[PDB]
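The next block holds one structure in the form of structure tokens; read it before the comments.
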Amino acid sequence: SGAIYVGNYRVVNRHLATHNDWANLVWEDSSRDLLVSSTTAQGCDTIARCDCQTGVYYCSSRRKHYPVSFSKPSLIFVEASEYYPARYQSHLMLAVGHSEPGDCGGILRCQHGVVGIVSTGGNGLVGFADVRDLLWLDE
Ligand SMILES: COc1ccc(F)cc1CC(=O)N1CCC[C@H](C(N)=O)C1
Ligand SMILES: [Zn+2]
């Protein structure tokens, strides 16, 4: 679990969104596993606007943060689950690192701020849904 709180927005994995998230929907994209809902309180997370390929992520299954090199956002094949059939997920970045399903939502951060959130993993790899292209999160 985990979310990004920026301005009047809450960014979460689409497969983990709640009833309240869907009742206050701003935007959702199944192909990216993202959903943004509105909030009454003000969020203070800074979103990075960069092309960094290094950062730190929070891994809840280990109660630890890990430094990683990650690939540029791209389409990556993702196995079927109870949330989606087998498909390509777009805007996904991979890193070598530990992850388990409950790790989804952990933030990936570089020196410029929030990069994305854990969205996939398996076999010593972890995938992050990128958020740096969502310029509207700021205005
Ligand atoms: C962090 O997730 C891990 C990690 C290790 C694992 F063996 C398995 C997973 C789960 C995973 O990748 N899923 C299930 C939930 C939806 C995801 C998606 N974005 O389509 C795909
Ligand atoms: Zn950066």
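Every residue, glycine as well, gets a Cβ built from its backbone with ideal geometry; the counts of neighbours run over all protein chains shown. Every read-out reported here was derived from the displayed coordinates using simple, explicitly stated rules and does not represent laboratory data.
Points to keep in mind about this one:
- Residues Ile47, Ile76 arranged by fewest to most Cβ contacts within 10 Å: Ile76, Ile47
- The amide H of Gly7, built 1.01 Å from its N in the peptide plane, has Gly43, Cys44, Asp45 as neighbours under 5 Å, considering only residues 5 or more places off or on other chains.
- Highest mobility in the GNM of the chain, judged by mean-square fluctuation with C-alpha springs under 10 Å and restricted to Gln53, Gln42, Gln89, is found for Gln42.
- Amide hydrogen proximity for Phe70: with H placed 1.01 Å from N in the peptide plane, the residues at 5 or more positions away or on another chain lying under 5 Å are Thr54.
- Each of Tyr88, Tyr9 was scored by other Cβ atoms within 10 Å of its Cβ. Arranged with the fewest first, they read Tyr88, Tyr9.
- Antiparallel bridges, percent of DSSP beta bridges restricted to the chain (to nearest 5): 100 percent
- For the chain, the Stokes-Einstein estimate of translational diffusion at 20 °C and a viscosity of 1.002 mPa s comes to 144 µm²/s, using the Kirkwood hydrodynamic radius over alpha-carbon pairs.
- Hz values of 3J(HN,Hα) by residue in the range 84-94 - Karplus curve (6.51, -1.76, 1.60), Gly and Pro given as x: 9, x, 4, 7, 8, 9, 8, 6, 9, 10, 9
- Taking the chain and dividing mean pair separation by its residue count, relative contact order in percent (alpha carbons under 8 Å, at least six apart): 24 percent
- Take the Kirkwood radius over Cα pairs of the range 13-92, plug it into Stokes-Einstein at 37 °C and 0.692 mPa s, and you get 216 µm²/s for translational diffusion.
- Modelled spin labels at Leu25 and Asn123, positioned 7 Å past Cα toward Cβ, are 3.4 nm from each other.
- Debye log10 I(q)/I(0) for the range 3-44, one point scatterer per Cα, at q = 0.15, 0.25, 0.33, 0.35 Å⁻¹: -0.29, -0.78, -1.19, -1.26
- Candidates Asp103, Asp51, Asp33: whichever shows maximal mean-square fluctuation once the chain is modelled as a Gaussian network with Cα springs under 10 Å: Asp51
- Helical content of the chain, expressed as a calculated mean residue ellipticity at 222 nm, amounts to -500 deg cm²/dmol (DSSP H runs of 4 or more residues, -39,500 (n - 2.57) each, divided by residue number, nearest 500).
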